[PDB]
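There is one chain below, alone, in structure tokens, taken in the form deposited in one PDB entry.
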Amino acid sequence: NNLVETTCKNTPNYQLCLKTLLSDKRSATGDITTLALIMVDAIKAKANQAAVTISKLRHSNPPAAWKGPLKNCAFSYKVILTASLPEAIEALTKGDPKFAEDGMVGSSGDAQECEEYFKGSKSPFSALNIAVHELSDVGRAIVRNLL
């Protein structure tokens, strides 16, 4: 059965998609909706890590120049974690997958927005914003099969 291979081939980042899916035990037997949920959980895990990292930097006497960007970044991730991803999960499990695409698009956009709040569009946690964004683009691609 090459469902995971077939699904990741239809994404912009095959290696990221494989590693993410093959890492969750639900993949070997799940359907496409289940693989989509596995991807949303990976996005949630990285977004939660970015959120806590932002919080830690705001509480570590950051420079004055990072005060506004870190606060706006905090709002970006509050949106990802309290709205976009919960909304996607609901669409995938109890609704129309059509709606999960919008949440993936939203999370890709919100992760990039945070990075861009910093001077030179360069934050002190780039790898986390990049990962949320890339996992979100993989998730959006997987959801489009469904609809």
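Note that the rigid core is defined as the largest set of C-alphas that superpose within 1.5 Å between two forms. Just count from 1 along the sequence shown to find any residue number.
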Comparing mean C-alpha B factor in the record for 35 to 43 and 92 to 100, the higher one is 92 to 100
Could you check the entry and say whether 80 to 88 or 26 to 34 has the higher mean CA B-factor? 26 to 34
Assert third(CA B-factor, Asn61) within chain per record equals highest
Modelled-residue ranking by C-alpha temperature factor, third containing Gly106: lowest
Which third of the chain holds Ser55 when residues are ordered by C-alpha B factor: lowest, middle or highest? middle
Within this chain's modelled residues, let me know which third the CA B factor of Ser121 belongs to: lowest, middle or highest. highest
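Keep in mind that the form deposited in another entry is not shown, yet the notes after this line are about it.
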Take the rigid core as the frame of reference and indicate whether the C-alpha of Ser121 shifts by 2 Å or more between the shown form and the other one. yes
